[PDB]
Structure formats: C-alpha cells, structure tokens
**Student:** 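Below are the structure tokens for one structure; questions will follow.
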Amino acid sequence: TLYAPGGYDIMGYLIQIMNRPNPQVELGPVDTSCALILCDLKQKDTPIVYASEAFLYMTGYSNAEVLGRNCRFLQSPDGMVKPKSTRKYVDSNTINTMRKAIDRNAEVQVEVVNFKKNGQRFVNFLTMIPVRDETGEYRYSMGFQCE
Ligand SMILES: Cc1cc2nc3c(=O)[nH]c(=O)nc-3n(C[C@H](O)[C@H](O)[C@H](O)COP(=O)(O)OP(=O)(O)OC[C@H]3O[C@@H](n4cnc5c(N)ncnc54)[C@H](O)[C@@H]3O)c2cc1C
C-alpha cells in the first residue's frame, strides 16, 4: 500500500461530504476531532491510508498498526480477520451489508461489534461515505467511528 506523498485533503473531503446533494444516511455535522479513517478504493483490499488521532486512540492501535490494512481487523479481539472468513463475534449480515455498500459506492451506516487492541469489546456506530478525488470520480471512502 502506498500513500499520497503530500497527504490527504481530509478537510476538503469532509466539506465535500457535508455538501453532498443526495445524502442517504444521517451524518449531520462532523470534523477532524472525531474518529475517522480514509480508505483507498483503488488499491488492493481497500487499505486505510489515513487515520485520525481519535481513531487511533479509541481503538488503541498505532498508525503503524492501522495504515495499509483493511479495517476488518477490528472485528476480532486479536486484530486478525481473514477476508471472506465467517466471523465468530460479528453478525454476518452486518458484515455483508458493509461489503456490498462499498462495492456499490453506496453510503451505509451500521452498529458493529469491534475490539480494541487490548481486546475490549465495544459497539461501533459506523458510517461510511464515498469520496471523489481531484479527478471527480469516486476514489476513497471515509469512515466515521463512534464507540
Ligand atoms: C472507510 C472504511 C472504514 C471502515 N471502518 C470499519 C470499522 O471501524 N470497523 C469494522 O468492523 N469495519 C470497518 N470497515 C469495513 C471493513 O473494512 C470491510 O469492508 C467489511 O468487513 C466488509 O467487507 P469484507 O471484505 O470484510 O467482507 P468479507 O470478508 O467478504 O465478509 C463478508 C461476510 O458476510 C457473509 N456474507 C457475504 N455474502 C453473504 C450473503 N449473500 N448472504 C449471507 N451472508 C453473506 C459471509 O459469511 C462473510 O463472512 C470500514 C470500511 C471502509 C471502506
């Protein structure tokens, strides 16, 4: 996984999201003080390319343990979840809903059981919205996590 050398336009993307003409889920106002991440949809397995301070702190994982990985790792108390595996602590329907929404560039909002680095179980009120890069086409996905 590689990252944009100059960094990501997180604030620009936040504004883009709040300005979206056809919102499908209720986000309301959000900013960089929250736990959020940006994944690259044009790279293998939609890797995380940006994680806010709040996300790292809320989950207990460091930047080096988050960047370049699919966020599904939060689905196991040991931070290890293989793609297509049948999770034993997370509802399959919820996981499937997330997968199809991403594949369709459709907004989605769910409550999913996740685990912190120390293994603590928590419910993640998660919202994901597709983001267009400078080309005007969808390239990234911004996720908003809330314990
Ligand atoms: C920006 C962003 C932020 C994210 N943040 C989080 C986060 O904070 N926490 C989190 O947990 N995830 C998060 N995700 C989601 C995660 O990265 C994956 O997208 C999610 O787990 C679903 O995709 P998958 O690849 O894991 O699917 P898969 O590994 O393919 O798993 C799908 C599961 O659903 C079941 N299933 C599939 N199809 C069907 C069907 N037709 N009928 C019945 N069952 C079916 C299967 O049994 C399977 O185990 C985020 C994603 C993005 C893009």
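What's counted below: heavy atoms across the whole structure, side chains too, no hydrogens, waters or symmetry copies. In listed order, ligands and their atoms are each counted from 1. The first residue of the sequence shown is numbered 1, and numbering continues consecutively from there.
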**Student:** Following the transitive rule for hydrophobic clusters with a side-chain heavy-atom cut-off under 4.5 Å over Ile, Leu, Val, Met, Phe, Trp and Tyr, establish whether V108 and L74 coincide in one cluster.
**Tutor:** no
**Student:** Have a look at ligand 1 and work out which part of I48, if any, has a heavy atom under 4.0 Å from it: side chain, backbone, both or neither.
**Tutor:**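 The answer is neither; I48 stays 4.0 Å or more away.
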**Student:** When rounded to the nearest 0.5 angstrom, what distance separates OG1 in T46 from CG in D103?
**Tutor:**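 Going from the OG1 atom of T46 to the CG atom of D103 covers 9.5 Å.
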**Student:** Could you list the atoms of ligand 1 found under 4.0 angstrom from a heavy atom of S85?
**Tutor:** 48 (C), 49 (O)
**Student:** Applying a 4.0 Å heavy-atom criterion (strictly less than), which segment of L126 is in contact with ligand 1: side chain, backbone, both, or neither?
**Tutor:**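 The answer is the side chain.
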**Student:** So if I count the atoms of ligand 1 from 1 in the order they appear, which ones are less than 4.0 Å from some heavy atom of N124?
**Tutor:** 7 (C), 8 (O), 9 (N)
**Student:** Which protein non-hydrogen atom lies closest to atom 1 (C) of ligand 1, naming both residue and atom, and how far is it?
**Tutor:** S141 O, 3.2 Å
**Student:** Mark yes or no: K116 above the aromatic ring of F122, with NZ or CZ under 6.0 Å from the six-membered ring centre and no more than 45 degrees from the axis.
**Tutor:** yes
**Student:** What do the steps show when you test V90 against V112 for side-chain contact (heavy atoms from CB on, under 4.5 Å), and what is the final call?
**Tutor:** CA-CA 7 Å; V90 186; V112 65; 3.4 Å; yes
**Student:** Tell me the protein heavy atom at minimum distance from atom 26 (O) of ligand 1, and give that distance in Å.
**Tutor:**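 Scanning the protein heavy atoms, the shortest distance from atom 26 (O) of ligand 1 goes to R87 NH2, 2.6 Å.
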**Student:** May I ask you to identify the nearest protein heavy atom to atom 20 (C) of ligand 1, giving residue, atom name and distance to one decimal place in Å?
**Tutor:**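 Going by distance alone, atom 20 (C) of ligand 1 is nearest to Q75 NE2, 3.9 Å.
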**Student:** How about atom 46 (C) of ligand 1: does it have a protein heavy atom within less than 4.0 Å?
**Tutor:** no
**Student:** Would you check the N or O atoms of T46, main chain and side chain alike, for any that come under 3.5 Å of an N or O of ligand 1?
**Tutor:** no
**Student:** Within a distance under 4.0 Å of any heavy atom of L74, pick out the atoms of ligand 1 and give their elements.
**Tutor:** 7 (C), 8 (O), 9 (N)
**Student:** Mark yes or no for whether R99, through its side chain, and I95, through its backbone, hold a donor-acceptor pair below 3.5 Å.
**Tutor:**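 The answer is no, because no donor-acceptor pair under 3.5 Å joins these two groups.
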**Student:** Which ligand 1 atoms does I37 reach within 4.0 Å, using its non-hydrogen atoms?
**Tutor:**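 Ligand 1 atoms under the 4.0 Å threshold to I37: 3 (C), 4 (C), 5 (N).
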**Student:** Test your reading of the model: is there a side-chain donor-acceptor pair from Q43 to the backbone of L2, 3.5 Å cut-off?
**Tutor:** yes
**Student:** If the cut-off is 4.0 Å to any non-hydrogen atom of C39, which atoms of ligand 1 fall inside it?
**Tutor:** 1 (C), 2 (C), 52 (C)
**Student:** Take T1 and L67 through the side-chain contact (heavy atoms from CB on, under 4.5 Å) test and state the conclusion after the steps.
**Tutor:** CA-CA 8 Å; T1 301; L67 298 173; over 6 Å; no
**Student:** Look at atom 43 (C) of ligand 1 and say whether a protein heavy atom is found at less than 4.0 angstrom from it.
**Tutor:** no
**Student:** Should the pair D45-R69 be classified as a salt bridge under the 4.0 Å nitrogen-to-oxygen rule?
**Tutor:** no
**Student:** What residue and heavy atom of the protein are closest to atom 5 (N) of ligand 1, and at what distance?
**Tutor:** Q145 NE2, 3.2 Å
**Student:** For atom 15 (C) of ligand 1, what is the nearest protein heavy atom, given as residue, atom name and distance?
**Tutor:** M98 SD, 4.0 Å
**Student:** How close does the nearest protein non-hydrogen atom get to atom 27 (O) of ligand 1, and which residue and atom is it?
**Tutor:**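 Going by distance alone, atom 27 (O) of ligand 1 is nearest to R99 CD, 3.3 Å.
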**Student:** Any idea which atoms of ligand 1 are less than 4.0 Å away from a heavy-atom of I95?
**Tutor:**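 Answer, ordered by atom number: 21 (O), 22 (C), 31 (O), 32 (C), 33 (C).
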**Student:** Quick one: do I10 and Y50 satisfy side-chain contact (heavy atoms from CB on, under 4.5 Å)? Show the steps, please.
**Tutor:** CA-CA 9 Å; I10 300 302; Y50 169 85; 3.5 Å; yes
**Student:** In the protein, what heavy atom is nearest to atom 6 (C) of ligand 1, and what distance, to one decimal place, separates them?
**Tutor:** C71 SG, 3.3 Å
**Student:** So, the side chain of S76 versus the backbone of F73: is there a donor-acceptor pair under 3.5 Å, distance only?
**Tutor:** no
**Student:** With a 4.0 Å heavy-atom cut-off (strictly under), which part of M128 contacts ligand 1: side chain, backbone, both or neither?
**Tutor:**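 Just the side chain.
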**Student:** Does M142 form a side-chain contact (heavy atoms from CB on, under 4.5 Å) with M128? I'd like the steps, not just the answer.
**Tutor:** CA-CA 6 Å; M142 190 177 286; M128 308 177 266; over 6 Å; no
**Student:** At their closest point, which heavy atom of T86 faces which heavy atom of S92, and how far apart are they?
**Tutor:** CG2-OG, 4.4 Å
**Student:** Should the proximity of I102 to ligand 1, defined as any heavy atom under 4.0 Å, be assigned to the side chain, the backbone, both, or neither?
**Tutor:**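 Only the side chain of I102 comes within reach of ligand 1.
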**Student:** How does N114 reach ligand 1, by side chain, by backbone, by both or by neither, if only non-hydrogen atoms under 4.0 Å count?
**Tutor:** side chain
**Student:** Below 4.0 angstrom from a heavy atom of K84, which ligand 1 atoms are there? Numbered from 1 as shown, please.
**Tutor:** 28 (P), 29 (O), 30 (O), 49 (O)
**Student:** Ligand 1 and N70, any nitrogen or oxygen pair closer than 3.5 angstrom?
**Tutor:**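 Checking ligand 1 against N70, an N or O pair does fall under 3.5 Å apart.
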**Student:** Does ligand 1 have a heavy atom under 4.0 Å from the side chain of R72, from its backbone, from both, or from neither?
**Tutor:**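 For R72, backbone and side-chain atoms both sit under 4.0 Å from ligand 1.
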**Student:** Taking 4.0 angstrom as the limit and counting only heavy atoms of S92, give me the atoms of ligand 1 inside it, by number and element.
**Tutor:** 34 (O), 35 (C)
**Student:** Tell me if the aromatic rings of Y89 and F115 count as close, with their centers under 6.0 Å from one another.
**Tutor:** yes
**Student:** Please confirm whether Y140 and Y13 have ring centers closer than 6.0 angstrom.
**Tutor:**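 Yes; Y13 has its ring centre under 6.0 Å from that of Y140.
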**Student:** Specify the protein heavy atom at minimum distance from atom 38 (N) of ligand 1: its residue, its atom name, and the distance to 0.1 Å.
**Tutor:** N96 OD1, 2.8 Å
**Student:** Could you walk me through whether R139 and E134 satisfy the salt bridge (charged side-chain N to carboxylate O under 4.0 Å, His left out) test, starting with their C-alpha distance in whole Å, then the side-chain angles of each, then the deciding distance to 0.1 Å, before giving a yes or no?
**Tutor:** CA-CA 9 Å; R139 168 64 181 289; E134 189 58 25; over 6 Å; no
